[PDB]
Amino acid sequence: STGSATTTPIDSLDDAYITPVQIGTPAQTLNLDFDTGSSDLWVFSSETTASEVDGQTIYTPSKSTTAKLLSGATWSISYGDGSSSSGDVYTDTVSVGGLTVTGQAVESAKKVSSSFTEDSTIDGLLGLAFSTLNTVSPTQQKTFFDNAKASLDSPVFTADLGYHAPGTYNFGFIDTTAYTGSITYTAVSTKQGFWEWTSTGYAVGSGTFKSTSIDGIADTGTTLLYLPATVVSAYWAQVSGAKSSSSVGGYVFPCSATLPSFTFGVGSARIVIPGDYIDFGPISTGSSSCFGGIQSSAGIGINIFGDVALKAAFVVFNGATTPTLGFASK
């Protein structure tokens, strides 16, 4: 089997991407944030505290004839910012782009933090990291990809995120028309539960490539590119007027600037992020100070190849017995 679904930016800045997912019988379609940095499939639901729902579509398990309460199971997640959610668990039928999993754990939110309530366009998350990170207790549950894997034509999924445009998540096959040149594969460590890999270095604009190992995670659920302070400083030094602002919480730059590209290494291959991918617009409405899309990872503890990086590539998440990651230009 295979699946193919379109993923769509939630706003004009590509802050996140939503992908429609069918849950239950009859289908209830929710727009989920596919997140390769986490491993829970959780949704706003009929059980979510009413005051914490503001526009989201909800999953109502009582209306699904294939929903079964997973007795005693709870979940609770705290993501890397300050956001959180928690609740109970059903198993149900879940389909993505024509690919169907029966008995998928669907984690129903009873509580969500304000940041999620404020995201009217995001009905929940679909985790695509390794199942070792799944938070369900007392019996950990598998991700959608792990459940589907054995049935797929090939044990892979791909992310093809658009810049200011829709893109695609494919399961079970490589669309050879979706990229240029070849796919360069690189080793993954699953020790922290992430799609963790090591970039071979970087260039800023037309500058010379710096060979240096940068360990980080491929994370579709993070908006920006978080890299070591030395690398980030080198990038922003090429933008006149750019500075790190403690009050704003990162590098900002004059909205009148032309941003240079940023290149990252994948083995001997090179992925080029165009300068305009690095613009996240005015820090507040009407401001002429703009927020940068490349930021320091120093306060995080890990480097993160988020959407800013990933949307410059066609990315293969290879779930073979020894997983690997593939990157192609497009």
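The term rigid core refers to the most C-alpha atoms you can superpose between the two forms while keeping them within 1.5 Å. Just count from 1 along the sequence shown to find any residue number.
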ask   = After a core fit, does 80-88 or 147-155 show the bigger CA gap to the shown form in 9 other deposited structures of this protein?
value = 80-88
request  = Report the stretch with the higher mean CA temperature factor, choosing between 79-87 and 231-239 on the basis of the entry.
outcome  = 79-87
Between 26-34 and 56-64 (mean CA B-factor, as deposited), the higher = 56-64
key: Top residue by Cα temperature factor, when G172, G167, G72, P260 are compared in the entry   = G72
note = Among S199, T143, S115, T158, highest Cα B-factor in the entry goes to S115
request  = Going by the recorded CA B-factors, say which third of the chain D153 sits in, lowest, middle or highest.
outcome  = middle
inquiry  = Can you tell me whether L41 has a C-alpha B-factor in the lowest, middle or highest third compared with the other modelled residues of the same chain?
reply    = middle
query = Lowest, middle or highest third of the chain for the C-alpha temperature factor of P9?
reply = middle
inquiry  = When the deposited Cα B-factors of this chain's modelled residues are ordered and cut into thirds, is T19 in the lowest, the middle or the highest one?
reply    = lowest
ask   = Should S296 be placed in the lowest, middle or highest third of its chain by the C-alpha B factor in the entry?
value = lowest
